[PDB]
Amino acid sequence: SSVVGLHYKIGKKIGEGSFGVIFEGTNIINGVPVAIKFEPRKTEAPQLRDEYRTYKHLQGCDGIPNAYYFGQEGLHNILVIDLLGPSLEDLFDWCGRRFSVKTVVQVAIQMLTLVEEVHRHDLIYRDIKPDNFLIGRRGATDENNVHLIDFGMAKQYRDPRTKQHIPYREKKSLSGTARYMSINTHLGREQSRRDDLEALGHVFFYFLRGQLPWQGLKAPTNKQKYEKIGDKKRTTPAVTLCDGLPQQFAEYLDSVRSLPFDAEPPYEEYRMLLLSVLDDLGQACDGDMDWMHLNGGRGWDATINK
């Protein structure tokens, strides 16, 4: 049968989660579209049952989609959530692999707020990348707002009732994407709130410069490539990465790298630091983003851009 979760018809396949069986769906009750997620049963890495419970925990938070169904169906686990638009990596490629200063700033402030809400619910993300940040759908009220999805790497960091941080430890397996992970993750240290914020700092320079200096290194094995990548991050100060860029981006990365392990980041102060970039350059924060000027003003297309 084509109907799963009682009320959800399976449509076309959308991927972008390894080859995880993701689809576009349609609630046969009201017609709203969804994003159906399958997971093979009796697999070596079961994580769908817990990703559901993370969406219910963050249910009601802005930028986090709602979870609507989870149950057994044949030899698969199915999770129905909201359907969202392209990723920041998708819009990045379509704008020439370079974002202007105003759009990097405006997106940065929304990404900081989404990460803070995750931290207020006793969770850290541990997989910061623009591929997991999506806008909304065309014609919707949240069409160009930034959303956060995929919490298969999210990790509890403090007790929900005592608010006591997890103890510091080392000698852990490398977890995340090598291009954006913090220096502390390269060293096999326990991740905390400060590492999500440093990963966000690497994404900002990735948008401004179009590339990062630790891209395209040669190494015979995989382990030696992550070492060589983390080495370039300790040799490059924040000032050189900020060459020809507003120095507040260098101040941000340096500050989040000086945070203690169990310290609480000054989120509002970081967002005010990134806002003053627009004041120094005579710009307003009205919400105008670069991808809003694609294709003569129509916006992003299907067959021309994808």
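Note that residue numbering follows the sequence shown and begins at 1.
Undergrad: Would you tell me which stretch averages the higher CA B-factor in the PDB entry, 184 to 192 or 157 to 165?
TA: Comparing averages over the C-alpha atoms only gives 157 to 165.
Undergrad: Which is higher on mean Cα B factor in this entry, 145 to 153 or 166 to 174?
TA: Looking at the record's C-alpha B-factors, the answer is 166 to 174.
Undergrad: Which one of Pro33, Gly244, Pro265, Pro260 shows the biggest C-alpha B-factor in the PDB entry?
TA: Answer, based on the entry's C-alpha B-factors: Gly244.
Undergrad: If I read the C-alpha B-factors straight from the PDB entry, which of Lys233, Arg120, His76, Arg98 is highest?
TA: Largest recorded C-alpha B-factor: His76.
Undergrad: Looking at the entry's B-factor column for C-alpha atoms only, identify whether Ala284 ranks in the lowest, middle or highest third of its chain.
TA: Within its chain, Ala284 is a middle-third residue by C-alpha B-factor, going by the deposited values.
Undergrad: Rank-wise, by C-alpha B-factor, drop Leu91 into the lowest, middle or highest third of its chain.
TA: Tercile = lowest for this residue's CA B-factor.
Undergrad: Please rank the C-alpha B-factors of the chain's modelled residues and tell me whether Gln47 sits in the lowest, middle or highest third.
TA: As the PDB entry reports it, the C-alpha B-factor of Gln47 lands in the highest third of its chain.
Undergrad: Could you tell me which third, lowest, middle or highest, the C-alpha B-factor of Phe38 occupies within its chain?
TA: It falls in the top third of the chain.
Undergrad: When the modelled residues of the chain are sorted by Cα temperature factor, does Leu84 land in the lowest, middle or highest third?
TA: CA B-factor rank for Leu84: lowest third.
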